[PDB]
Amino acid sequence: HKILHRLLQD
Amino acid sequence: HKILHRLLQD
Amino acid sequence: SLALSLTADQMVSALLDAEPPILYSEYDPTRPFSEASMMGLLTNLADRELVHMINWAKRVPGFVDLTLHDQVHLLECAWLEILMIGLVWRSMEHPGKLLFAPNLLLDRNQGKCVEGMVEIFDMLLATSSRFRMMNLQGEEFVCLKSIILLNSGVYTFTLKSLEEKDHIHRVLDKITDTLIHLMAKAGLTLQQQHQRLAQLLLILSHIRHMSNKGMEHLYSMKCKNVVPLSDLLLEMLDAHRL
Amino acid sequence: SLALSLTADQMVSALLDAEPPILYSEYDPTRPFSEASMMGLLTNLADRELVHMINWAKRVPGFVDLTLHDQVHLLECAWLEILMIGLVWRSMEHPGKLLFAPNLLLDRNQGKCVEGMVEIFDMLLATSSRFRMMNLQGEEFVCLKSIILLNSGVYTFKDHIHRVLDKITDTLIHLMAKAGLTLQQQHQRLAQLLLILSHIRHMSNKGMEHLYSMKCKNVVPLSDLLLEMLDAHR
Ligand SMILES: Cc1cc(-c2ccc(O)cc2Cl)sc1-c1ccc(O)cc1Cl
Ligand SMILES: Cc1cc(-c2ccc(O)cc2Cl)sc1-c1ccc(O)cc1Cl
């Protein structure tokens, strides 16, 4: 979905 | 010169 | 100069007296709306408003003290921001609606009329909602609009050639003082004053954002050549292209 | 939200400790740069800075209290502004130059290799010069950067965010009062600092258009992360 999602959730 | 230049002048 | 010799109340009265009039659009409620005509209405209105804005800018304290070249640059940078903050101010009492003119009141569904405008409409509506919840005062509005004119182009201008930019910053400081004066007069504590001042100036960042996006839409409108743009407006558009 | 309970000093210390590292570019001494090489270094650098920015954002008081989607919206809207004010801050003590990295210090002549970069270069230099003449302090910088994060996307979604914004304003004033400024000088400087944010927004907007323009050329390889951040603005 979004890389940004992963980075924010770690 | 420019229209703006003119209007600012008058 | 006389801009630095004004009291806060005198600054306010000068700005209020200099307020441009509210113009009407050529909106014909019998004529069916099309994207070409609808956009024609907005661009025609802006063109006529530009003439009044120019003569309004001359009455902004400190503006005539600048060179003709500097005046030109400041207006070229700020004209759409100034139109927009005027629009959202007029629209405060009309939730979910944008009052472009007394006879032209639009919501977002009539924005879909035009490819790209709905996003701009939503941003403008949100700005107007923010002003409404802050209960923006007319005295604060005219201060903010003068700040936009002087600030938006001040960082894109050598020698001295510096005292000119330094003058603008002194006038900007005077307007800041005026804003604080208005808020203290309204019964705000010092903490509340600084907070409201911050809240108001941060909105100017969003107005800049809307203006940038708007200019891109407009430049797009020039390349379609379906919406007729006036010569002044085209010359205002090309200034951001350079 | 425990962000609102913090004192001004606690707010400052929290933000200072959150500061992301200063990253380096490549050590290749091959000069001058080509357009492809220049863009490569700049985009590679930003890609790595974005990862640290996200961990910085989560450490900005009040940001953790937001939902994931809201956190995403704010970062998508503000990421280039945040990179720019960082760049501008780093370049303060290097007049006429921009310090992208300690081993990547550039002048405006080196911006001509890529078309339309000199425009943004000059704007960035102007901002940096403005900060220098204002004698911007690190404590003020981190307040401004956090303000950009919380403010830039707040009107395109808020009361919690506005309350956190208010506390950062209180912090900024606190710093100025601490530095000996009078009341008049406090709100004047506050205003001057916040108006510069409008210009940072302007620079970001110009910057985003050029990045998109180079996205349509498929010359410089943009990372998927950079592409997704860029796509959010279109
Ligand atoms: C000239 C003009 C063009 C507008 C517009 C509409 C859709 C869009 O995507 C982009 C844009 Cl820019 S809005 C506008 C305007 C006209 C008169 C006035 O008092 C205020 C405004 Cl903001
Ligand atoms: C990634 C990136 C791309 C930039 C750029 C280059 C050319 C142009 O026309 C337009 C633009 Cl925006 S500038 C920049 C950057 C990279 C790292 C950093 O810390 C800060 C910045 Cl501002």
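What you see of chain C is 305-461, 465-549, where the numbers are those given in Swiss-Prot.
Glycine residues also receive a Cβ, built from the backbone N, Cα and C atoms like all the rest.
Swiss-Prot has this to say about the protein:
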BINDING   C:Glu353, C:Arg394, C:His524  17beta-estradiol binding site
LIPID     C:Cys447  S-palmitoyl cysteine
Handout entry: Through-space Cα separation in Å, C:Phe461-C:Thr465, 3-residue segment unmodelled
Key = 9
Fill in the blank from the handout: C:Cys447 (S-palmitoyl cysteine) sits from C:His524 (17beta-estradiol binding site) (Cα to Cα, rounded, in Å) at a distance of 28
Fill in the blank from the handout: Using a 10 Å radius on the Cβ of C:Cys447 (S-palmitoyl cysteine), the other Cβ atoms enclosed count 22
Fill in the blank from the handout: Distance filter, Cβ under 6 Å of ligand 1; input recorded positions C:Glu353, C:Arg394, C:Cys447, C:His524; output C:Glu353, C:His524
Completion exercise
Whole-number Å distance separating the Cα atoms of C:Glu353 (17beta-estradiol binding site) and the residue listed as 'S-palmitoyl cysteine' is 19
Completion exercise
Cα of C:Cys447 (S-palmitoyl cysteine) to Cα of C:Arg394 (17beta-estradiol binding site), in Å and rounded, measures 15
Problem - Local backbone state of C:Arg394 (17beta-estradiol binding site), from DSSP in three classes - result: helix
Problem - Farthest-apart CA atoms of C:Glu353, C:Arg394, C:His524, residues recorded for 17beta-estradiol, distance in Å - result: 23
Handout entry: Cβ neighbour count within 10 Å of C:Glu353 (17beta-estradiol binding site)
Key = 22
